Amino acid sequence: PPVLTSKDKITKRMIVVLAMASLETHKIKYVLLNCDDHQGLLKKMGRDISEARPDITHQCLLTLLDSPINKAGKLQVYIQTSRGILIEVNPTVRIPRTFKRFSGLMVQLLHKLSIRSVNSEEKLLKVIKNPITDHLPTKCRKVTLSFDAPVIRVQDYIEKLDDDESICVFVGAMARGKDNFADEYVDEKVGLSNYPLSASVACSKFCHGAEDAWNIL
């Protein structure tokens, strides 16, 4: 099963974009700004401390990359930071399991623009050019997940796609905010539950609906 990348704009797949991801570095030696560790610093910066939540992006990557859909080679993930940085994640990257270690890696990615293994010329993580729509499959239904939107059953929604049409889901990698982070890109907004879901739960729900629709065990 070939590793999926933005070069291939034909193969039917699921794509998840972790949008409004809170990934921003700051000097002291650089840290990845987070609400827990840098309350004081975020104060001086005149920032909403509540906004610094890189841990949400970390939790979603684990959920997505560990999923059967990813292991079956039918998943791509991108990260679109709240500051407009777009990142392509290699499906085979074994993301750090712990937050502190995820943090150091993100700092490096943001400063160097890619992450590589010493012997390889393949990028495990890469900063790429906006807009994401330039990189997605040509036939791709693009949706934003929103509690404000009509609720769907994921399998049923996916079954209604054309045979050659991918599905790209934009998930707000945040605790609180409006669903307008991808309004320029999406075809539709949908909700996955009568309950408000965390970003990670929304990711797993969409992955497991797609695994069902596509008969991935």
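So that there is no doubt, residue numbering starts at 1 and follows the sequence shown. Superpose the two forms; the largest set of C-alphas matching within 1.5 Å is the rigid core.
In 4 other deposited structures of this protein, superposed by the rigid core, the C-alpha atoms of 34-42 lie farther from the shown form than the other of 34-42 and 144-152. Across the superposed structures in 4 other deposited structures of this protein, aligned by the core, the stretch whose Cα atoms lie more distant on average is 109-117, chosen from 109-117 and 85-93. Where the other entries of this protein model the residues before and after it, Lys189 is kept in all of them rather than dropped from a third. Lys29 is a gap in at least a third of the other entries compared, counting only those with both neighbours built.
With 91-99 and 113-121 compared on mean CA B-factor from the PDB entry, the stretch scoring higher is 113-121.
As listed in the deposited structure, the average C-alpha B-factor of 38-46 and of 66-74 is greater for 38-46. Highest C-alpha temperature factor among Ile28, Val171, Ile167, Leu61, as the PDB entry reports it: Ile28. When the CA B factors of the chain's modelled residues are split into thirds, the value for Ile56 lands in the lowest one. Looking at the C-alpha B-factors along this chain, the one for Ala210 belongs to the lowest third. Ranked within its chain, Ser198 lands in the middle third, by CA B factor from the PDB record.
Residue-level temperature factors show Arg83 in the highest third of its chain, judged at the C-alpha atom.
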